[PDB]
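> From first to last, the protein sequence lines are chains z, K, a and R.
Here the first sequence is numbered in PDB author numbering, starting from 174 and rising by one per residue.
So the second sequence is residues 119 to 224, 232 to 266, 278 to 295, 301 to 701, 708 to 1043, 1070 to 1080, 1102 to 1111, 1115 to 1135, 1145 to 1157, counted in PDB author numbering.
Here the third sequence is numbered in PDB author numbering, starting from 9 and rising by one per residue.
Here the fourth sequence is numbered in PDB author numbering, starting from 3 and rising by one per residue.
Have a look at the structure that comes next, please.
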Amino acid sequence: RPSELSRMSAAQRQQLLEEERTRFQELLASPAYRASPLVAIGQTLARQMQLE
Amino acid sequence: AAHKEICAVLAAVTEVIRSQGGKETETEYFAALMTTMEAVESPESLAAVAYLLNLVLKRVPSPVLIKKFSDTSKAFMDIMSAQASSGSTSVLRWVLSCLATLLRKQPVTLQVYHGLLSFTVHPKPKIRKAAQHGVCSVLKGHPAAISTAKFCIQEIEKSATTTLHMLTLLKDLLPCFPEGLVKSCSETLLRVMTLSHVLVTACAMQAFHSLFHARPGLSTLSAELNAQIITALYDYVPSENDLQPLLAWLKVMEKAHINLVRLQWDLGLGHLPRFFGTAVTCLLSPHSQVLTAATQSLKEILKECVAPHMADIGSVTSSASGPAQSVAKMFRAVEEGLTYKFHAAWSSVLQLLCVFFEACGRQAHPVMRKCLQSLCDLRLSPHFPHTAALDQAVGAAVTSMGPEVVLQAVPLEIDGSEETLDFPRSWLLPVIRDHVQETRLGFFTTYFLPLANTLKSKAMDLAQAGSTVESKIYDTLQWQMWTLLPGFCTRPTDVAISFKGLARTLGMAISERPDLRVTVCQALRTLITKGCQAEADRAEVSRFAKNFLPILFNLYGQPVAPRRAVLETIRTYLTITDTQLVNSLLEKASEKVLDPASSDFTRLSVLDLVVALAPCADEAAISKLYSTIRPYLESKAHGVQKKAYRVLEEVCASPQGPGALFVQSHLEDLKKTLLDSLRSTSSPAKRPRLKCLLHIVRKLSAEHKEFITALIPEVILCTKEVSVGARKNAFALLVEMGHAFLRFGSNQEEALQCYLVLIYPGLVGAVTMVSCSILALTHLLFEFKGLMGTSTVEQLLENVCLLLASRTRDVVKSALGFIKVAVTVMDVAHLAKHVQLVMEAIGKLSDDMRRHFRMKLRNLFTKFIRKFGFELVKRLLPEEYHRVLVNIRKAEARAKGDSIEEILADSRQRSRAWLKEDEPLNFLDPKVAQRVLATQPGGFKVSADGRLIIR
Amino acid sequence: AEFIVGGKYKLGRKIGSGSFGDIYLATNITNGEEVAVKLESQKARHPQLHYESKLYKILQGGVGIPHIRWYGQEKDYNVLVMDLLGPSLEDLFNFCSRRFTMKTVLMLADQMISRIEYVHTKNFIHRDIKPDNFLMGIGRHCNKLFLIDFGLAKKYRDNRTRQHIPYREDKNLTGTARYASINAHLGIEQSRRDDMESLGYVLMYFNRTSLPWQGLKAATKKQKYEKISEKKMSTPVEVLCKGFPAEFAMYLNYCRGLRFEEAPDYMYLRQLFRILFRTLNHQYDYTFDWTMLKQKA
Amino acid sequence: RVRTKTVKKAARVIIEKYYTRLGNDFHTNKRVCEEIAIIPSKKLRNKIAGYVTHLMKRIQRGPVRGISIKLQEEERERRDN
RNA sequence: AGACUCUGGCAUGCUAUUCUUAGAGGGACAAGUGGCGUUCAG
């Protein structure tokens, strides 16, 4: 799964689009992402980068 | 130290000291300071109170001034006499200034004006300049003009250095004078023109310039007086090449002629030929500046004084009587200005003849032809530098008339069968192509159809005759005169009657003559683009469009060709045609697409025709076509889906008409179809589809938030699509959806916050979609700059700092772009709170990331050094970056015509001439200028096969 | 970073505002010692900082004057940077909840007597004496008072010919009228006599912790100053120090009756103050009210 | 995009040698660049074809006398050999 | 505010070959259109 979209196939483009659409729907339906959006984004980014 | 203070006399005295006691103004200050004005001659105390009196006096105590004007006149008059007897400067200067203010605001007044006027000839410059400016302010702020004019006349007649002083008075005061005093002043001025002194001549020419430049009315200056002073000014013309007074003499004669034309135009045009002849003679001066000035003056007179009256004058022939004869005479002068004796001003003469053609040709053509023949003869010189200027002049004359009158004057010698191969008037065809814009199409028919047909036949006949050299030349000829049709189609005057004679000819020339087709197509487009202004013209174009449509459709749909120019012609040509035959051809094209016995190339060509026919049909045909194309959005062929999305974009492209009605009728169907076909959209098909979505975001109602929030991930993934056009469309669609949410609520900032939190979660998931959302926020930050609220931007910037720690190069690059946009956009006062965090995240980036992204980091450090202190950036960066920093600082230290040979080029002084010596050189011959020139007369390795080697 | 003064001092935050400038804090980047900053704009209504530099370099050496560090011009400003000092007397007046005792005011009186002795032995007058104008030292200078703000200072005597500035009426009130003299209110040329009258005024301000003409309001500034003046002549000397030792009263009577060209005996005033100090049985232990509230915490 | 010195130099000399055998569009120009020039680089071949196409669309819009005398001069040179 | 070098997307084509391969050959050159342009560079 390469990061660059130009070298990777359109079926995987459709799969990635469907997956990110479902993830967007779930995160938009989450009660945590209704009161403090940017705070939750910062916490998630901090967790993801301290994982890295 | 105490003049620059705000409390000083520089600023605050002009504002708050005028309000004396709370009310502005009271002269009780002045009424109390008579006692210092009388019997006291102390310096720097009289001067200071005079300064304050001058400064405060402008704040309009006008009824009080009218009342005690007698008291002020007597007081300041005795001050004048006492200071003249004593001999001081500053007190005298500001008392002159305050008397000037008093006389401006308001029998004895004539005496006060005389007392103010008498101190101009006072030898001290400070007294004289103040008196002059005061008199000028009094007159321009008139019953006193006669007295000061007589005073100036008597002061000149009495006198040598003061002569220039009241000449400066005359320069500044001539427009505000009565007519008899203007006449007497000009008589005295010509009397001092009888002297040979240079400075008086230059200053009084400046006085004439100020007199005629202001454009005085009939009361100040009459037309007869202007004619008399014009005829009197002809007697000096200093010598030929003085260039300081000759410039002023030309300028004042130009202004006098302009004023005379403005007063009475026929007399001005009658007096113009003498001035034009003298200007043409003065063009033989060796100075370049006087030549440019004469060209500019004659150009200005031609544009402003000659051009707008030619509808009144009408056509001029060789036997004109009135102002037309004068126009013929000054044309004769500018025609005589084309002989061999000039040979250095031919650039200026040809430019002035070019603007002469543009201004004059439509009514001056009967006499125009001899000059045209002469200038055609001038191009026969072996070496010509003004070839581009000559071609511009011939093009201007063609733009004035057209090729019919020009070819009556200078005929083309390419009429059929020639003997030699050196066509001498071959430049005429490029000139005609470049500059025909206002002609008749019937001349193009009756002249360029049989001649080009015979030349094409001769070219083909010589092609089968073995001679491949002459045949190529004749084919290039017939191509060149077939390129005149776009010029003739610019703005024809008889295209309502002459288009019938070219319809079948253009049809066969676009059918079985490929070599002309593109130009022919361009001609059609050119015609439409500026020829359907009238209604009978557009009716004729439709009446032949009903025949031209199958021809163009078959030309585009044939297998292999210039398909794209044909497509553009079809696009405009279908925007200008009737809807019923559009519906018929749309039905035929739908039949051709739905026919399974058609090839894929033919199917795609007919789909392109469907794309062209889609916005021009009615709502029923558009709805039927949409019903046919709707199952094709899920086709596995990327081309079919691309053409389907192009159809959906084109039907939604029209803001008004049947397309908008179809969109309003089928909005829900289009929304559910576009949401259903989102999953199975191919990569090229993203490029039109977004535009179609764009065309349905601009007119979207308030109850459509679900559609937009479902389209968002597709738009972001298209902001990181492969195609640059798809990325541009996705960025535009993001901006347009942001605009669309600025219409659904009352608070714009809260609506933008909602739009952002609908696109914010993309910073959470996969790497490429994280970079997608960073690029989306980068694009949105440049458009809605302050409207989301900078503090939120700061939070976003902080998040980007975490994304500055990412391993992937795309996320780092997008974060750097967002940081650059944030530095550009949001405020430095809020930057200074957040410099340290963002640039600390910059500092601990990597070695590889720092090395690869050296351009962006260099630009960011440059912007930070520009916006903040260099020492701060030096303090907060680590060691190695400091090296680059000083280089950046050193950077900020360092910051403070159409011939073959000309195109194939490896890319005092102008008065030089070359004679040539054949018959003896007869200078009196009219064709001598052909023998007088204006310019100086006179790598790879080939292989064994003979093919060149290129590296 | 954002601004460096002198090439080796880094600027900090504002601590106050001077008569002809703003007062900032700064740290030396070479050795780390902390300095105070007087900054003024190069284009303003009162370019008097070079005269202040001259007066500071005149007053060097003796006690009660901060030592000069640097002066210069910085890209839009002129900045004079001096040694750091502590709070003024009004800050301690606010910290102590508006109460002073007998021992502390006699310490302050002896210190300001010494300061006035030094400034009149250095041939200059102050004309803006106030509790804000007298600062307190720092470190081992924690028992020493310091005198600043020579912006409104002027020459009052000549070194060679022993001549005063000639007396002339109608002088504008340069300083504050809470401690201005009657001669200063009328427009009489200010001299040393008006100076220790202002010393007596700040002394009674420290003692009574309030003034009867403090907070007086009138039509304008001139009317306010005038009204303060006639109510100052209307106020008897002895009623200003009721319930107080008569040392301050006869000090005010002595300094009121001084002439123009006379030389007062400051040794007499110091002797009388120390006699009163020892007859009320106190010692020079430098235990001030602000100090003892620091140890009480 | 910009064009290097060698592309325009080789284009000018190839015009001066074989203007007669050229065409007007990118197809004929890349064909004659294939069959007249060695040109080992296909990238430089596309560049040379594009710029000689630019030269063609520039020069038949000029007067025909210069192009004509170029034709009989090139014919004289060809007939001489 | 990289005019440096190499190079990708599409091949139902050749090679042991439309779904995987790896050598070669193609394809893109600002090529086409309309505006702004010293009418040529852009």
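The beta-carbon is built from N, C-alpha and C at its ideal position, and this holds for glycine as well.
Helix, strand or coil for a:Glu270 per DSSP?
In the structure shown, a:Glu270 sits in coil (DSSP, three-state: anything other than H, G, I, E or B).
> Starting from a:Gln81, follow the beta strand (DSSP E) in both directions and report where the run begins and ends.
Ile76 to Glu82
> Tell me which same chain residues have a C-beta within less than 7 Å of the C-beta of K:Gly583, skipping the five on either side of it?
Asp635 and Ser639
> Taking the alpha-carbon positions, what's the K:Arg954 to K:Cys865 distance?
In this structure, the CA atom of K:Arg954 is about 23 Å from the CA atom of K:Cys865.
> When we look at the beta-carbon of K:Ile863 and count the other beta-carbons within 10 Å, is it buried (16 or more) or exposed?
buried
> Determine the direct distance from the alpha carbon of K:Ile921 to that of K:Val975, and round the result to whole angstroms.
If I take the Cα positions, the gap works out to 22 Å.
> Excluding the five sequence neighbours on either side, which residues of its own chain have a C-beta within less than 7 Å of the C-beta of K:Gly872, listed in chain order?
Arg834
> Compare the Cα-Cα distances from K:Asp1079 to each of R:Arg5, R:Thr55 and R:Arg14 and report the closest residue.
The shortest C-alpha separation from K:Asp1079 is found at R:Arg14.
> Note the first and the last residue of the continuous beta strand (DSSP E) segment covering a:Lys22.
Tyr17 to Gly26
> Pop quiz: z:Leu201 and K:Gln942 are said to be a contact at Cβ under 8 Å. What is the actual Cβ separation, rounded to whole angstroms?
Going by Cβ atoms, the distance from z:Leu201 to K:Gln942 rounds to 19 Å, so no, they are not a contact pair.
> For the alpha helix (DSSP H) containing K:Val729, name the first residue and the last one.
Annotation: the continuous alpha helix (DSSP H) that includes K:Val729 extends over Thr726 to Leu741.
> So that I know if they touch, is there some Cβ in chain a lying closer than 8 Å to that of K:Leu1019?
yes
> Are K:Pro627 and K:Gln663 closer than 8 Å when you measure CB to CB?
yes
> Could you list which residues in chain R have their beta carbon closer than 7 Å to that of K:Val610, in chain order?
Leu73, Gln74 and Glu77
> Roughly how many whole angstroms lie between the Cα atoms of K:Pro860 and K:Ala807?
27 Å
> Is there at least one Cβ from chain z nearer than 8 Å to K:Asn876's Cβ?
no
> For a:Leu63 versus a:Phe132, is the C-beta spacing smaller than 8 Å?
yes
> With a cut-off of 8 Å, does the C-beta of a:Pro253 fall near any C-beta of chain K?
no
> For residue 1097 of chain K, count neighbouring Cβ atoms within 10 angstroms of its own Cβ and tell me buried if that reaches 16, exposed if not.
Since the model of chain K passes from 1080 to 1102 in one step, residue 1097 of chain K is not part of what is shown.
> Alpha carbon to alpha carbon, what distance is there between a:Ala185 and a:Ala227?
16 Å
> Between the alpha carbons of R:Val66 and K:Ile614, how many angstroms are there, rounded?
7 Å
> Give the DSSP bridge partners of a:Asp91, in chain order.
BP columns for a:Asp91 point to a:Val43.
> Should z:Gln188 be flagged as near chain K, meaning a C-beta pair shorter than 8 Å?
no
> So, is the C-beta of a:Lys240 closer than 8 Å to a C-beta in chain K?
no
> Put a:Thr243 into one of helix, strand or coil per three-state DSSP.
coil
> Would you kindly work out how many angstroms separate the C-alpha atoms of K:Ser351 and K:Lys392, rounded to a whole number?
11 Å
> Note down, one range per segment and in chain order, each alpha helix (DSSP H) of at least 4 residues found wholly within the stretch 618-690 of chain K.
626-629, 636-639, 644-652 and 658-670
> I'd like to know whether the C-beta atoms of a:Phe158 and a:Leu93 end up nearer to each other than 8 Å.
no
> Mind listing the chain K neighbours of z:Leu224? Cutoff is C-beta to C-beta under 9 Å, in chain order.
Ordered by position in chain K, no residue passes the 9 Å Cβ test against z:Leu224, which lies about 11 Å from the chain.
> Verify the CB distance criterion: does K:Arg1153 have a CB-CB separation below 8 Å to chain R?
At a cut-off of 8 Å between beta-carbon atoms, K:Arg1153 makes contact with chain R.
> Using a Cβ cut-off of 8 Å (strictly closer), state whether K:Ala130 contacts chain a.
no
> When DSSP labels each residue in this structure, what does a:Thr35 get in the three-state scheme?
strand
> Compare the C-beta of z:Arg196 against all C-beta atoms of chain K and say whether one is closer than 8 Å.
yes
> State the Cα-Cα distance for the pair K:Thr915 and R:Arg5, rounded to the nearest angstrom.
35 Å
> Closest Cβ-Cβ distance between K:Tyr907 and chain z: below 8 Å?
At least one CB of chain z lies nearer than 8 Å to the CB of K:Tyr907.
> Starting from z:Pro204, find everything on chain K with Cβ-Cβ shorter than 7 Å and list it in chain order.
Within chain K, no residue comes near z:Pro204; the closest Cβ sits about 14 Å away, beyond 7 Å.
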